[PDB]
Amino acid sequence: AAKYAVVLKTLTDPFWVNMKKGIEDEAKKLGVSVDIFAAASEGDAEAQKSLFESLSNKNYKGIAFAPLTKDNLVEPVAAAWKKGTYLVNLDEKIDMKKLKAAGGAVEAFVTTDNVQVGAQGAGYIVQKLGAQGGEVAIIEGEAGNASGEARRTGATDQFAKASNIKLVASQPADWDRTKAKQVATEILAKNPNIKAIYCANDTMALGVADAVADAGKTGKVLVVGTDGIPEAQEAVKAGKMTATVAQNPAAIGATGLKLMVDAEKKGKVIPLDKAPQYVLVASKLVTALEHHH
């Protein structure tokens, strides 16, 4: 066994591969040994829970984790906190009310300001549409996930700001590229004059671009993603996507590791009612243009 463990959502998706690299790089800078694990894919909430439960019985001083849902990791995290494990919530906010109800807490929460993520994606949409506005839609992440909830809210708030913008659809596609092409096709059929789609992550955004291409509307419909994964940025630079709100998963993972290494010295876990540290990693809007001076 090692000193620290990390439980990510997946290990096959680019966003979570980059977070794994950020953690590994930070492990060399700090000189600590980190074991990184993940479920098979995006739907295996029960498998990630059993994976976390199996780790809490080794000898890790701290465990950072990004839960697949706000609920699947509530019990194993609470049991790890009661055991004295230094816990750090990564990216996806665990249900803190239920975690407290289960008798647990976390040292810190390292994430992106996802309300600003959605606001930036929608704000870039509102500017590009101009005074005409038009119909817009929001492709949501998995239901109940605070990351997607916050991006949805931020996009809705920025859209409600402009009076010529119409929110005709807001449906989940479960971070799934195939599901997003299906949902986006439905939106194109039910709202043929739709002008722009914001997507809670790039996996879905690329699938939306597939649906837009099938309908022959590439460029007629704006497609803004989130994460800044390589395929999405190459799509943004090739015109297949309009933009993407890039996150910094490497820094999210690297910071989460350093917090466990630092707080490991404190000799004490966080009290049950002390609100955890709240670290925000900035996000930048990636378009095919890049402005300087």
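The first residue of the sequence shown is number 1, and the count goes up from there.
The stretch with the higher mean CA B factor, choosing between 62-70 and 234-242, is 234-242. Between 47-55 and 259-267, it is 259-267 that carries the larger average Cα temperature factor according to the deposited entry. Of the residues listed, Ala40, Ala251, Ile229, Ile36, the entry assigns the biggest Cα temperature factor to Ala40.
As recorded in the PDB entry, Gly133 shows the highest C-alpha B-factor of the residues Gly133, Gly141, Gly84, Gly118. Placement of the Cα temperature factor of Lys217 within the chain: highest third of the modelled residues, per the deposited record.
When all modelled residues of the chain are sorted by CA temperature factor, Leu272 is found within the highest third.
In the deposited entry, the Cα temperature factor of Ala2 sits in the top third of values across the chain's modelled residues.
In the deposited entry, the Cα temperature factor of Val279 sits in the middle third of values across the chain's modelled residues. Among the modelled residues of its chain, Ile165 has a C-alpha B-factor that falls in the highest third, as given in the PDB entry.
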